[PDB]
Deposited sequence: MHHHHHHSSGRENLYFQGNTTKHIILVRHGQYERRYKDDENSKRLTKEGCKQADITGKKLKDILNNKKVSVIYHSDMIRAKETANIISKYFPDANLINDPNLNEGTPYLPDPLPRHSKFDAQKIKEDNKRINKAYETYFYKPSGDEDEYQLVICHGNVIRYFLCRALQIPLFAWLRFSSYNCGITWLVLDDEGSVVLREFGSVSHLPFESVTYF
């Protein structure tokens, strides 16, 4: 076993409702199991979502991980002055997200203990594309879930919670 829980989200504007319903759902699905840490990025909305989720696990410690930072979007750019600059921040962006991936996906697991990793969508995307070996086909062409809960091990059980057209759903998926 190794279980991982990813939770999706310049302030939150009525994302609070999301955050709060998510928090409620987490408390429901983790009832009778200890949540020791809630991780998050430096971003205000990340912190915000963590805060709102705290309420449902008052005994849990909020820990800031700058490695969870979404970082900077890069654009097509004709100036080689920018390309050297960019190539070099990209290097660091890579070491950081890779470091987080290993922290939250490899770092040895404590079975009744859970931690919640709060994630920007670009971070959740990197994690899951990488962990689940998602084919390029799928992420060339396209996430409606706010909670993604994995259990390994290449054996995987994936519990997803989301809503489509305002209708909540829960799904268990076997690889």
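Chemist: Where are the holes in the model when you compare it to the deposited sequence?
Modeler: Unmodelled stretches, in sequence order: 1-20, 30-43, 144, 178-179, 191-192.
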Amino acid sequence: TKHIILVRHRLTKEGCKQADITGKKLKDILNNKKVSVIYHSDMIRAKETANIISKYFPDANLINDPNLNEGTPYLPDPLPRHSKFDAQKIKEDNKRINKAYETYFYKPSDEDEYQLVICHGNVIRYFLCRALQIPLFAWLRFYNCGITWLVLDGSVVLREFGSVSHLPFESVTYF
From here on, numbers count along this sequence of modelled residues.
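Chemist: Compare the mean C-alpha B-factor of 122-130 with that of 55-63 as given in the PDB entry, and name the stretch with the higher value.
Modeler: Mean B over CA atoms: larger for 55-63.
Chemist: Using the B-factors recorded in the PDB entry, average over the C-alpha atoms of 98-106 and of 78-86, then report which stretch comes out higher.
Modeler: Looking at the recorded C-alpha B-factors, 78-86 comes out higher on average.
Chemist: Among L30, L136, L68, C145, single out the one with the highest C-alpha B factor in the record, please.
Modeler: The record points to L30.
Chemist: Using the B-factor values recorded in the entry, state whether the Cα atom of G162 falls in the lowest, middle or highest third among the modelled residues of its chain.
Modeler: Its C-alpha B-factor belongs to the lowest third of this chain's values.
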